[PDB]
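For the sequence shown, the residue numbers in the authors' numbering are 183 to 229, 237 to 477. As structure tokens, the structure follows; a few thoughts come after it.
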Amino acid sequence: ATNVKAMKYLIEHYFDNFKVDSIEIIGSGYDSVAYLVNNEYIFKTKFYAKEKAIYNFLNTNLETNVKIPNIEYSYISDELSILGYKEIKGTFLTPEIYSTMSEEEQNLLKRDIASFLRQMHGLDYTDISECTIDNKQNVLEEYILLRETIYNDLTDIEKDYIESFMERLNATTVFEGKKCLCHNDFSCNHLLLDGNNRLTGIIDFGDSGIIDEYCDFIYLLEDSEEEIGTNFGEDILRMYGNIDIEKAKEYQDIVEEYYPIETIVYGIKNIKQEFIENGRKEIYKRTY
Ligand SMILES: Nc1nc2c(ncn2[C@@H]2O[C@H](COP(=O)(O)OP(=O)(O)NP(=O)(O)O)[C@@H](O)[C@H]2O)c(=O)[nH]1
Ligand SMILES: NC[C@@H]1CC[C@@H](N)[C@@H](O[C@H]2[C@H](O)[C@@H](O[C@H]3O[C@H](CO)[C@@H](O)[C@H](N)[C@H]3O)[C@H](N)C[C@@H]2N)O1
Ligand SMILES: [Cl-]
Ligand SMILES: [Mg+2]
Ligand SMILES: [Mg+2]
């Protein structure tokens with residue numbers, strides 16, 4: 183409990199009347215830690238301005254019964270960011286849980302998801318218009334960073350994987366469609382169910398932005414151990430409606446192809462050799 187103690191100190195220091203009676207680590211990424219405090223509050227911390242701006246925009250503008258974080262505590266500085274909000278109660282959706290649900294239960298969950306996405310994507314985003322993300326341009330810039338750093342030391346197999354991806358990226362039309370506000374990390378580990386297996390809450394709008402509409406289906410369409418599966422995403426797309434399903438799948442496939450490169454780039458930017466090695470190894474796994 184050393185981490186817990188430092189974070190208890192920081193919370194009490196920056197939020198003057200707040201008393202920490204209990205505190206435990208509830209999740210962690212590679213450069214963030216999330217804490218459950220007093221069995222009631224979530225504090226996300228990092229060594237978060239946009240994320241806060243997004244919860245504020247959404248809590249003003251969304252009409253939905255699905256719960257999202259409502260920021261009550263914030264401290265934001267160059268060196269440290271903390272966001273605190275009341276824990277949304279529920280069970281996180283998993284493949285295992287989904288497989289035990291009746292067909293009707295599954296259908297209601299899919300409809301709840303489609304409905305939420307439709308409402309969010311339909312919001313007039315003028316008041317959040319600073320939060321724009323261009324994925325194609327971001328990729329080009331990450332490629333330039335590769336070229337400026339480690340590209341010349343990569344193997345021919347690694348180089349070909351990258352150049353083949355850039356060729357595909359250049360030819361695709363999937364970045365030319367509707368833009369809207371997306372969650373942009375819409376995976377089942379961010380989806381909470383209530384006791385009837387109905388969608389009750391959504392978390393982690395940390396990557397959210399004005400971006401391609403296709404983006405919020407990337408994980409719903411993913412075939413992996415962590416996600417439900419492609420059929421889940423297809424059905425949600427049909428319920429959501431007025432969207433080109435083949436292009437949504439093309440978008441997901443291109444993003445999936447990019448993953449190893451994204452991993453390499455993260456390692457370069459954050460000076461973490463482990464990630465550079467992991468992404469390069471994953472290129473070999475995918476090639477063979
Ligand atoms: N049940 C519950 N758990 C929460 C809540 N908020 C966060 N969590 C838990 O804490 C984990 C981390 O929260 P999350 O917003 O995803 O943060 P992160 O993804 O680790 N950090 P970042 O989004 O900055 O990279 C979640 O996966 C979940 O376990 C909440 O409202 N309810
Ligand atoms: N762990 C192995 C899986 C296999 C499939 C691959 N597509 C990826 O899939 C996960 C994907 O990475 C997850 O997003 C993480 O990563 C993103 C960037 O990479 C971050 O911006 C994001 N905020 C972070 O939480 C997603 N939430 C759930 C997906 N199952 O890894
Ligand atoms: Cl390496
Ligand atoms: Mg998360
Ligand atoms: Mg996140």
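No residue lacks a Cβ here, since even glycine has one placed at the ideal position from N, Cα and C.
Distance, residue j Cα to residue i Cα
i	j	result
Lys228	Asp374	18 Å
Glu347	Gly468	10 Å
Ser318	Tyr477	43 Å
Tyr455	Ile243	24 Å
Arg427	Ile407	15 Å
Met309	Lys190	35 Å
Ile333	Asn327	10 Å
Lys239	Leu312	17 Å
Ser413	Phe246	32 Å
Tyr403	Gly384	30 Å
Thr184	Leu192	13 Å
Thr361	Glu466	28 Å
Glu276	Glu294	25 Å
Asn259	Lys461	33 Å
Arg336	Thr283	39 Å
Range of the contiguous beta strand (DSSP E) that encloses residue i
i	result
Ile207	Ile205 to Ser210
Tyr217	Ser214 to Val219
Any non-hydrogen atom of ligand 1 closer than 7 Å to residue i Cβ
i	result
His379	yes
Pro449	no
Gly279	yes
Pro258	yes
Residue i Cβ short of 7 Å to ligand 3 heavy atom set
i	result
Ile465	yes
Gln462	yes
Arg469	yes
Any non-hydrogen atom of ligand 4 closer than 7 Å to residue i Cβ
i	result
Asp405	no
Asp213	no
Sheet register partners of residue i (DSSP bridge)
i	result
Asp401	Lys368
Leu272	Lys226 and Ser263
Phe246	Answer is none; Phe246 lacks a bridge partner.
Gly390	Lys256 and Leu381
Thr338	According to DSSP, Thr338 bridges with nothing at all.
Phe281	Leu381
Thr321	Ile399
Extent of the continuous alpha helix (DSSP H) run through residue i
i	result
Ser353	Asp345 to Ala360
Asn459	Note, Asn459: premise wrong, no alpha helix (DSSP H); not H, not E.
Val202	Segment: none, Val202 is in no alpha helix (DSSP H) and carries neither H nor E.
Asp412	That residue, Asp412, is in no alpha helix (DSSP H); it is neither H nor E in DSSP.
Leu192	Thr184 to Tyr196
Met428	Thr419 to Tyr429
residue 137	With the chain covering only 183 through 477, there is no way to say anything about residue 137.
Candidates the options, of which the one nearest residue i by Cα
i	options	result
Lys367	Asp342, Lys299, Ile399 and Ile346	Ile399
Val363	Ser291, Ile257, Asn324 and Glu292	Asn324
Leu218	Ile407, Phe246 and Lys226	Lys226
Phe281	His379, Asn254 and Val215	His379
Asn296	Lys474, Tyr237, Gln441 and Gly422	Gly422
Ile205	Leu247, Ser263, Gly273 and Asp213	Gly273
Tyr196	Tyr212, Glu331 and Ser266	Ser266
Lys474	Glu446, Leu381, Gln462 and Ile457	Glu446
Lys278	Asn221, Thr315 and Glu294	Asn221
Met355	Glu416, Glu330, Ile302 and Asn420	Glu330
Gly430	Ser353, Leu381 and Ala303	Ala303
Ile391	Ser214, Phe200, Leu251 and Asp198	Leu251
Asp301	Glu261, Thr315, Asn359 and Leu382	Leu382
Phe200	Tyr262, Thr253 and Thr249	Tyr262
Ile457	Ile339, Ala216 and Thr321	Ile339
Ligand 5 heavy atom lying under 7 Å from the CB of residue i
i	result
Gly395	yes
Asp374	yes
Residue i CB to nearest heavy atom of ligand 2 below 7 Å
i	result
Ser210	no
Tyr223	no
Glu347	no
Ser270	no
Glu411	yes
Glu252	no
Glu423	no
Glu415	yes
Residue i beta carbon near ligand 7 (any heavy atom closer than 7 Å)
i	result
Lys228	You won't find ligand 7 in this model; what it holds is ligand 1, ligand 2, ligand 3, ligand 4 and ligand 5.
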